[PDB]
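What the coordinates show
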Amino acid sequence: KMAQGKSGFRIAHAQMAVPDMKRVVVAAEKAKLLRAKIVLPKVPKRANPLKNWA
Amino acid sequence: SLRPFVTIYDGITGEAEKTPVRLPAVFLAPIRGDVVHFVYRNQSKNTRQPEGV
Amino acid sequence: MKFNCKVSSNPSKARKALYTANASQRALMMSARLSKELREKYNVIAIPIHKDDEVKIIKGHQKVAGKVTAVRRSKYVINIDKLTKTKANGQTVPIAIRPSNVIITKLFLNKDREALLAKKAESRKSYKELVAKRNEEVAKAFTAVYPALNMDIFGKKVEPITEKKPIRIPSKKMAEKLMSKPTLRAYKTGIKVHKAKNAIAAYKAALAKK
Amino acid sequence: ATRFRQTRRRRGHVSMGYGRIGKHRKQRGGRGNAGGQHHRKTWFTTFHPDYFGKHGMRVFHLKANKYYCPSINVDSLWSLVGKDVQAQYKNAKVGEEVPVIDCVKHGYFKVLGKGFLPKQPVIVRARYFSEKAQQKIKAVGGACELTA
Amino acid sequence: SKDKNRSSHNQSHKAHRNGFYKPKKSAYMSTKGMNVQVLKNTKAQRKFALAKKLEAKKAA
Amino acid sequence: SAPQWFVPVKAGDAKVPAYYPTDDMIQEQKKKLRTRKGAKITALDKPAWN
Amino acid sequence: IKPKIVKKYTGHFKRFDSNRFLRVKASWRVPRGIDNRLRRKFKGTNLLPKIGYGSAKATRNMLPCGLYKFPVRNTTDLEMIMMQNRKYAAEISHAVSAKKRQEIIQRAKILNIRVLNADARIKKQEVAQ
Amino acid sequence: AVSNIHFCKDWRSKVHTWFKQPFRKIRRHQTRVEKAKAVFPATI
Amino acid sequence: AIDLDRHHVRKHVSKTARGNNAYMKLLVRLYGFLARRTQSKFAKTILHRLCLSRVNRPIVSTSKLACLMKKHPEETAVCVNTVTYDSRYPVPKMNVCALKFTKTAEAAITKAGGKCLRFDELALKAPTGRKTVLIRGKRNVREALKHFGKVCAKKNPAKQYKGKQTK
RNA sequence: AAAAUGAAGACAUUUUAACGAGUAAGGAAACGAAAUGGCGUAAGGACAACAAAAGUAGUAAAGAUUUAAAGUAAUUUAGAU
RNA sequence: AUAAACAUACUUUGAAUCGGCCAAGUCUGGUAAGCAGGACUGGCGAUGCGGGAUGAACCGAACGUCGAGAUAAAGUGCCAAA
RNA sequence: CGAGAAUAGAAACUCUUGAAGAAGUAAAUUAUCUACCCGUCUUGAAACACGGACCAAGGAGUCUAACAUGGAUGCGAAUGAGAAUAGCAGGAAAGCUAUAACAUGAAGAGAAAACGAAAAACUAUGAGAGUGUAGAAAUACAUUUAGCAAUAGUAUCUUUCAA
RNA sequence: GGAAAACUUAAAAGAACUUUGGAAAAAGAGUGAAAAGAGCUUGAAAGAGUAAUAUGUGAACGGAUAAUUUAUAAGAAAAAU
């Protein structure tokens, strides 16, 4: 409804309806659309195969 | 748009009024800090008095 | 707050008007409070000080009593015979005292202080009847809305409201995202601090129960 | 906001961002539009190629109120009354009432023909009409009315 | 106060920083100023194909 | 229980907050600085790994 | 437990020509002169601040005692670092009186928080006491 | 854009500031009120 | 040293919502998570378009939504921009997801029987994008683009910023 | 630069790789994975002991002179007089 | 064939600059010039470092703060490391 | 003799120095190495080129008006209407309200008279969405659909002697 | 034409008497919370004086590295079965 004491002014809608990110996350997890969380593998240090037998 | 009920208290006796009042829709407006900063930066200069050497 | 446009709230203009005040207006500034015995007899709070008026010092190093020997309106001070200092070579000189640091104990009333002390008495009574008239109308209005109550409840202890009804508003979820970084880190620090204070009190209570 | 200017980021640099060889002097080629045909000619040629000269006839005391003629196309006619009024009279024809879209009251004096009209009859009243505007109004089943 | 007149020194180095901008493909596809009869033949066919297409679009 | 960071100490009859426990329920703990175990003892006839 | 704090340059970066003129203070200013000896990094005078001198991020802003600094103005300020007494250290501000300093020092001992001004503004109990 | 600014004359003595605008409102309103008090349908 | 063609400078792509709008920042987080986890080109497209500036996010009117959705009846238009109302032409029934709906545009879609979703509801219903029709508005219709260039040019002259004595 | 993680930790997140000279000149503010990061002077509006006495101050402010510490630096911090 | 996704194509806005100087298995005027003027490239200007004793341009090589190691130009009677 | 693979195997330490001052840091002096006067115009200055004896304080891209681009913002065929001005509470150079003249825009061409836009478009490439198979970890191939932005080219339409 | 020059203290209580001196003054004494002592709130830099310490053949100053001197400055726990 347009304001009566403020001609031409109406309360705006936020850029998002429910400003919460959790309900979308649980919907895709329920729908099996999300990959599993990733922990970066420990990158091995450079070695010298000409001397390091291992 | 349920707009939950809001209780009205008595200032003298402290007893809450039996009839709650719905939450006005102005309390569901987007909370924009940037837009307020734009307006407050301007209107805060409107009380200033002219000066000059 | 002051609402009169003729008077000024400027400290610089207040001091200047004080230093350039003529002798007529310098006497009213030099006023001292009457003592308990004199206040009950005349029903007057304070009158401008006078010569030969006996006073008692209430603020300063020496709280002696004496007779006012000099009223100096240019310096805005007075002199007491008792309070004196020897001027090195042997002669003594009076010590100035602000009139607001003394209270009058004995009056010098020739013929005009009778006029003044009477006039300042009716003024006190006439204002009390004005305050009384206004205070009864406020009471008359308050009871007209709260007949079971009395106006005396305002002068007593107040019992706060203990009910804690919460309201569900879909903005409490964003409250931390509407904070600037400087004020969010202060809000969260106060939360963490309070929890530590609340955790110690819980631990202390277990030992007290033990 | 003088704290956000470039002067605050150039405190310490000698020339204040204007060069050492070519200093910042008083003038850079004149005062105003000087040299419109001598040393700024390549500027006026590039960016205002018809700045110099004369064209057209002089009107000694022009009457700009006589050329005032707001215009509206046919596709924008029904907005003058609203989409709710348009749907109300959608299924009208010749014989019964049809809304009259007067345009002078709304401030439009001429009606032009651009875009399309809803397939409904209508009575368009205005001061001037276009040749293609009247065709589109009559083809949809409406009428054209003059005013003043 | 004689000065040096002209030099090409450092002009090829400057020209190859943001190097020779080749024209796009649309520059070679312009047909302004082509044969008059060839343009007439092409336009005649395009108007024939377009009208047939729009007639079919009207049927469906 | 006590927070892992909270090591209560006796207050010398000084001013303490309402949440801080009083002296009668505080038992001081000796400061511990040695966290590495000493060397083991093996048979006299066997040689050390080192 | 305390790591090894390594400083890449322990000296002071003094302004150029500050040792010859008293009007040129010792606070550093990058020389912008077109002929400046220092800004051209001549041999002998090529010591300017760089990001390369920055100390390790882990051991940055860390006092020699192994802790950080947390200024306090009253007793309630101490309550913000009682969970991190192994990480921070109280540092009473310079304007805090001697009467208030005792309350902070007395409370900080209760909360096991180190104070770096423990002998600040003390009374005259140094001779004949 | 070819600039057209007529500032080559003395504009500093041609400047008129509206600092009296908030006080004109009070002044005119007080006269409108005083007119009705004097003879009411004179301000009619 | 090393002889490179050029030195590494900041890449000229935005990776976050511009400005301090708390809700637009939340949307970027929501779709930054979806693009990273679902690894879908659609969520990458929405995430990329949410970070464009206002000038690069042009409006789309109900007239263009009506025409683009004509042969897509059971579909949801997805335009990352404001949606204005073309008062000249009727609004059919359609479900549209957009950053903002004009007061007159939302009432025209709602009355016709459509739905005006936002970008959180779309992520709840079609997160990877299944009944979506990606739509963006025209960029070359800006009045600024007319004046760019040299108006003395022989092929595509500019439009001559008006000023003193512009006949 | 790319991967990973992400309502709040904290060091302006974690990992890997490449890179780092410079006059004139440019890089305004804001922008959670931040479209360079900061220090200093003064003035205005708020915040500063969350249990009803709520930043420091005659148990010594500002300033000054020095001794040490933090920061690559701009500077900051504290002791003594 | 080879190389190229922080590739490629750009768009907009704008700064400073158009006194230049040097080298050469190059040229023209001049007896010649550390003279005057050009073609191609690399430099100095805007640039420190190691070497040529010293040097705007030569030789090696272009610079975040450092530790260790092979090296470059060039050196190895003393100054001076060999 | 023997790789793979299966079965059994084992590393937890010493000495010295330090509140009689350890490690580090600072200041002063000495020794080796190293170091030309700053700012400025200039192709080139440490220059026999100019300013500078020394210290403190002051000291130089500011304001007003018009236009454009660009980053954040509101509204959107509208935007503004703190145009004057008229009211409200409160006493207020602040705040709020005013179906409003007008400004920019929605339509463009022509010197002007006189005019004033659809074949409800076409072509090319292009953003997204599925399905199957496989490697097999990610990911790669085949197929169905969609055709936004942008660029180019077109048919058609308004105005002009001329697009 | 046209300057420069603000400030003791809460209160003058603005030292008051002796000795030396031609005098000005100085040394005591005294007032004051404090000389803040009238050239009076604080009291910077340039320039001097005194005291302590160090250095030395035609400039001086700065940087890296060590040596000497001085200063700062790290602890009260505790082993094996």
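About the thresholds
- Residues numbered from 1 in each chain as written, not as in the entry; some residues may be left out.
- Chains lettered and ligands numbered in written order.
- Part of a larger assembly, values for the part shown.
- Heavy atoms only, no water.
- Residues with missing side-chain atoms left out of burial classes, pairs and counts.
- Helix = DSSP H or I, 4+ residues; strand = E, 2+ residues; numbered from the N terminus.
- Rg over C-alpha atoms; globule rule 2.2 N^0.38 Å.
- Buried < 20%, exposed > 50% of the residue type's maximum accessible area, 1.4 Å probe, protein only.
- Contact = heavy atoms within 4.5 Å.
- Areas by Shrake-Rupley, 256 points an atom, 1.4 Å probe, with all protein chains shown as cover.
- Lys, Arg positive; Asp, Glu negative; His and termini not counted.
- Charge placed at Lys NZ, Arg CZ, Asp CG, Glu CD.
- Expected span 1.5 Å × (residues − 1).
- Buried area = accessible area lost by both parts, 1.4 Å probe.
- Salt bridge = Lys/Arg side-chain N within 4 Å of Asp/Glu carboxyl O.
- Polar contact = N/O pair within 3.5 Å; in protein donor to acceptor, adjacent residues only side chain to side chain.
- Near = heavy atom within 4 Å.
- Nonpolar A, V, L, I, M, F, W, Y, C, P; charged D, E, K, R; others polar.
- Core = buried A, V, L, I, M, F, W, Y, C linked by side-chain atoms within 4.5 Å.
- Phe/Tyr/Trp six-rings, centres within 6.5 Å; stacked < 30°, edge-to-face > 60°.
- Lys NZ or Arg CZ within 6 Å of the ring centre and 35° of its normal.
- Patch = residues over 30% accessible without salt bridge, like charges linked within 9 Å, V, L, I, M, F, W, Y side chains within 5 Å.
- Pairing = 2+ DSSP bridges.
- Axes fitted to C-alpha atoms, helices over the stretch in contact; angles between N-to-C directions.

A count of helical and extended segments in chain C gives five helices and seven strands. Taken from N to C terminus, the helices and strands of chain C fall in the order α-α-β-α-β-β-β-β-β-β-α-α. Taken over the C-alpha trace, chain C has a radius of gyration of 30 Å; the compact-globule value for 210 residues is 17 Å, which it surpasses by more than 25%. When its C-alpha atoms are laid out on the principal axes, chain C stretches across 80 × 60 × 50 Å. Burial statistics for chain C: of 210 residues in total, 19% are counted as buried. For chain C, long-range pairs separated by at least 24 residues make up 44% of all intrachain contacts whose partners lie at least 6 apart in sequence. As displayed, chain C offers around 15700 Å² of accessible surface, 59% of which is attributable to carbon and sulfur atoms. Charge centroids of chain C, computed over 50 positive and 16 negative side chains, lie 15 Å from each other.

The next subject is unusual backbone geometry. Residues and elements named next belong to chain G. In this structure, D17 takes a positive phi of about 70° despite not being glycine. Positive phi values are uncommon outside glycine, yet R121 reaches one of about 55°. With respect to the secondary-structure elements, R121 resides in the segment after α2 (98-110).

If you check helix α1 (residues 22-38) of chain I, its first and last C-alpha atoms are 24 Å apart, about what 17 residues at 1.5 Å a residue would give, namely 24 Å. At the exit of α1(I) stands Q39(I), carrying a positive phi of roughly 55°.

Here we come to the interface of chain A and chain I. Listed per partner, the contact involves 21 residues of chain A and 24 residues of chain I. When chain A packs against chain I, close to 2100 Å² is buried across both sides, 66% of that on carbon and sulfur atoms. Of all residues in chain A, the largest losses of buried area upon contact with chain I belong to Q15(A), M21(A) and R35(A), amounting jointly to 33% of the total for that side. Counting the contacts that link chain A with chain I gives one salt bridge. Counting every contact that joins chain A to chain I gives five residue pairs in polar contact.

Residues spaced three or four apart along an α-helix face the same direction, because each turn holds 3.6 residues. All names here are of chain C. Taking 1.5 Å per residue, 34 residues should reach 50 Å; helix α4 (residues 112-145) reaches 51 Å between its end C-alpha atoms and fits that length. When α4 is considered as a whole, its buried residues turn out to be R113, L117, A121 and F142. Where α4 is buried, its residues meet α3 (36-42) and β2 (46-48).

Take the protein's contact with RNA strand L next. Every one of the 114 residues lining RNA strand L counts as a neighbour, but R32(B), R20(D), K64(I), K100(I) and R136(I) are closest to it. Within 4 Å of the protein, the contacting atoms of RNA strand L are drawn from sugar and phosphate to the extent of 68%. Within the side chain of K110(D), an N or O atom sits 3.0 Å from a base nitrogen of RNA strand L. At a separation of 2.9 Å, a base oxygen of RNA strand L approaches a polar side-chain atom of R54(I). In terms of residue class, the surface near RNA strand L is made up of 34 nonpolar, 38 polar and 42 charged.

A word on the nonpolar core. Core analysis: the biggest nonpolar cluster contains 33 residues, and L27(I), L30(I), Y31(I), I46(I), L50(I) and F119(I) have the highest contact counts within it. Those elements that place two or more of their residues in this core are α1 (22-30) of chain A together with α1, α2 (41-50), β2 (76-84), β3 (95-101) and α5 (119-125) of chain I. Per-element tally for this core: the top contributor is α1(I), with 11 residues. Contacts of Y31(I), omitting those with residues within four sequence positions, involve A43(I), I46(I), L47(I), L50(I), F119(I), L122(I) and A123(I). With 24 residues, the next largest nonpolar core counts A196(C), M82(G), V96(G) and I110(G) among its residues.

So, on to the packing of aromatic side chains. Aromatic ring pairs are reported here in terms of the distance separating the ring centres and the angle at which the planes meet. Tallied over the full model, the rule gives 19 aromatic pairs over all chains. Ring geometry for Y51(D) against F52(D): centres 4.7 Å apart, planes inclined by 80°, an arrangement best described as edge-to-face. With a relative accessible area of 17%, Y51(D) lands in the buried category. Relative to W11(H), the ring of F7(H) has its centre 5.2 Å away and its plane inclined at 15°; by these criteria the two rings are stacked. Given a relative accessible area of 51%, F7(H) falls into the exposed group. Exposure remark for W11(H): the relative accessible area of 39% places this residue in the partly exposed category. One aromatic cluster in this structure is built from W43(D), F44(D), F47(D), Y51(D) and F52(D). Seen from the ring of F5(B), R22(B) lies directly overhead, with NZ or CZ sitting 3.9 Å from the centre.

Residue and element names in this part refer to chain C. Taken together, the side chains of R33, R39, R124, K125 and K128 present a region of like positive charge at the surface. Residue placement: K125 occurs in helix α4. With a relative accessible area of 60%, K125 lands in the exposed category.

So, about the pattern of salt bridges. Evaluation of the coordinates by the stated rule reveals 15 salt bridges over all chains. Between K67(C) and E54(C) there is a salt bridge whose closest N-O contact spans 3.6 Å. Of this pair, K67(C) sits in strand β4 (residues 65-72) while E54(C) is found in strand β3 (residues 54-57), placing the two residues 13 residues apart along the sequence. Judged by its relative accessible area of 26%, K67(C) falls in the partly exposed class. Under the relative-accessibility criterion, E54(C) is labelled partly exposed at 28%. Residue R20(G) is joined to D17(G) by a salt bridge in which the shortest nitrogen-to-oxygen separation is 3.9 Å. Among the residues examined, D17(G) registers a relative accessible area of 23% and is labelled partly exposed.

Here three strands make up an open sheet; going across it, the order is β1-β3-β5 (chain D) and the pairing parallel. With partners counted over all chains shown, the strands left at the sheet margins are β1 (71-73) and β5 (128-129) of chain D, one partner each.

All names here are of chain D. With respect to topology, three strands assemble into an open sheet ordered β2-β4-β6, the strand pairing being parallel. The sheet is open, and its two edges are formed by β2 (100-102) and β6 (143-145), each paired on a single side. For this sheet the average axis-to-axis angle between neighbouring strands, irrespective of direction, equals 20°. Note that β2 and strand β4 (residues 123-125) share three bridges and pair parallel.

What follows deals with a nonpolar patch on the surface. There is a patch of nonpolar side chains on the surface, built from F9(A), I11(A), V26(B), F27(B) and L28(B) and spanning about 450 Å² of accessible area. Here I11(A) shows up in the segment before α1. Note on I11(A): relative accessible area 31%, which makes it partly exposed.

Turning next to the protein's contact with RNA strand K. Surveying the vicinity of RNA strand K reveals 29 residues, the closest of which are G22(D), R39(G), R40(G), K41(G) and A1(I). Within 4 Å of the protein, atoms of RNA strand K come from sugar and phosphate in 86% of cases. For RNA strand K, a phosphate oxygen lies 3.1 Å from a polar atom in the backbone of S8(E). Backbone polar atom of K41(G) to a sugar or linking oxygen of RNA strand K: 2.4 Å apart, as the coordinates give it.

With that settled, consider the arrangement of the chains. Out of 15 pairs of chains that touch, the pair holding the most contacts is chains A and I. Contact between chain E and chain F is absent, and the minimum C-alpha spacing across the pair is 63 Å. Nowhere do chain B and chain G come into contact; their C-alpha atoms are at least 28 Å apart.

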